[PDB]
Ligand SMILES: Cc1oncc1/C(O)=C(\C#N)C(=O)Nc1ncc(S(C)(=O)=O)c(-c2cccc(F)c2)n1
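Only one chain is given next, in structure tokens, and it is the form solved without this ligand.
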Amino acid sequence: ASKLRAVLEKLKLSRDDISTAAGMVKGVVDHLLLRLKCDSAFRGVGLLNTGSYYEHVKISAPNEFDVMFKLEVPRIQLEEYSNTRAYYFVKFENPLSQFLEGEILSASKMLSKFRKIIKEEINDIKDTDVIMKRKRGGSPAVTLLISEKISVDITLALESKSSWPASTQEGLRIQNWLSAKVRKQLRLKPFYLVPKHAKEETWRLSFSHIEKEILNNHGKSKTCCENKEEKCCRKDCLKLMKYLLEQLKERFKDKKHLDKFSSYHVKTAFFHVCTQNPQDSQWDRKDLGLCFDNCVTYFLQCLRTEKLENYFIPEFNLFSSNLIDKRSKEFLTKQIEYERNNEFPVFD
């Protein structure tokens, strides 16, 4: 578990060292929020987690940021599209009615207005060089580039404060780890709807905001990582799994076999290992190597079986053959199998 500690030490340095990046990013985001709020359709706009203007998907490249803009949408009426469990039609004074196509709220008609208002606030910036990207990928809707290295992903999201949709009833299976009372509390928090297709004007249910709630209070014991006698490697295992996929995606960026894989799959699988191993002793720091291996083993089992269920929506398979093909899965299975059987070269 010595090599892994060095990977983690190098990773701590690029994070902790004086980086102006996030400040160039805040300035941009603040300008857009002041602009969007002036508009009748985008008045109730705000950053998802205000104060922390990021969600660093890239653990290797600290120049690549990801930001979410929430829109508080009251009296939301959802209709599950094609029994998908994760994709819904948004139905419902008239506050957002300019995007309505009868009963159903249009995501594309909202994203186009969002893209255009952002295009109009870009030109007005005199401080730093910011350039937009109109590449098709649904959401992230807008992919800005501040200066030359810094890239920002902006996602528009609908916020609903009503109880979570039925499809989430069996999800968040944290009871035997974080408790039945913590599960009840988190389920009391809002949920989001981000624009995304299943092939249609649909919205995908998002619970990315619950991650920080869990990572900063991840033990079965209330004092996990608060003392010397209670240090676990849950966070370290998440960082290493995230970096392993990242180094592999970079190693094979010329090919297209790893393009569908994201840190989201790595996170989902890691949290399913937390459910499997609910005790703090199954996550002892001394056992960083063994622990990381249960994560590496669980992820390989996911690829092989073509099964990685959404952590909040059990009936939605992120590894569905209709989402990711067997060829893409078999390629990654072989690349990781090589990494574990070669003392993780990708890290050194």
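If you superpose the two forms and keep the largest set of C-alpha atoms that fall within 1.5 Å, you have the rigid core. Counting begins at 1, following the sequence as shown.
One more form of this protein, solved in complex with this ligand, exists but is not displayed; see below.
Asks: Is there a clash that blocks the site, or is it open, when this ligand is superposed from its pose in the deposited bound form and ligand atoms are checked against a 2.4 Å limit to backbone and C-beta atoms, 3 or more counting as blocked?
Replies: Site status: open.
Asks: So, in the deposited bound form, is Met68 in contact with this ligand at a 4.5 angstroms heavy atom limit?
Replies: Answer yes; at least one heavy atom of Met68 falls within 4.5 Å of this ligand in the deposited bound form.
Asks: Give a yes or no for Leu105: in the deposited bound form, does one of its heavy atoms lie within 4.5 Å of a heavy atom belonging to this ligand?
Replies: Looking in the deposited bound form, residue contacts with this ligand do not include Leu105, since no heavy atom lies within 4.5 Å.
Asks: When the contact criterion is heavy atoms within 4.5 Å, does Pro278 count as touching this ligand in the deposited bound form?
Replies: Contact check for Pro278: no, nothing within 4.5 Å of this ligand in the deposited bound form.
Asks: Answer with yes or no whether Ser160 is in contact with this ligand in the deposited bound form, where contact means some heavy atom within 4.5 Å.
Replies: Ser160 lies outside the contact set for this ligand.
Asks: Tell me which stretch of 60 to 68, 24 to 32, 38 to 46, 298 to 306 has a heavy atom within 4.5 angstroms of this ligand in the deposited bound form.
Replies: Stretch 60 to 68 is the one.
Asks: Let me test this: is every residue among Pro140, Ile154 and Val194 within 4.5 Å of this ligand in the deposited bound form, going by heavy atom positions?
Replies: Yes, because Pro140, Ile154 and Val194 each have a heavy atom that approaches this ligand to within 4.5 Å in the deposited bound form.
Asks: Residue by residue through 162 to 187, tell me which have a non-hydrogen atom within 4.5 angstroms of this ligand in the deposited bound form.
Replies: Heavy-atom contacts within 4.5 Å come from no residue here.
Asks: To test your reading of the superposition: with the rigid core aligned, which of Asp124, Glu170, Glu226, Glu79 moves its Cα by 2 angstroms or more between this form and the one not shown?
Replies: Once the cores are aligned, the residue moving by 2 Å or more is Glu226.
Asks: Once you overlay the rigid core, does the Cα of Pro314 travel 2 Å or further between this form and the one not shown?
Replies: No; that C-alpha moves by less than 2 Å between this form and the one not shown.
Asks: Answer yes if the CA of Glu55 moves 2 Å or more between this form and the one not shown after aligning the rigid core, and no otherwise.
Replies: Where the cores coincide, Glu55 still shows a C-alpha shift between this form and the one not shown that is 2 Å or more.
Asks: Is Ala141 one of the residues whose Cα moves 2 Å or more between this form and the one not shown, with the core superposed?
Replies: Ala141 C-alpha, core-superposed: shift of 2 Å or more.
Asks: Given that the CA-CA distance for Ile104 and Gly138 shifts by 3 Å or more in the deposited bound form, does it become closer or farther?
Replies: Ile104 and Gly138 sit farther apart in the deposited bound form.
Asks: Specify closer or farther for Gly138 and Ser106: how their Cα atoms are spaced in the deposited bound form versus the shown form, given a shift of 3 angstroms or more.
Replies: Residues separate in the deposited bound form, at least 3 Å farther apart.
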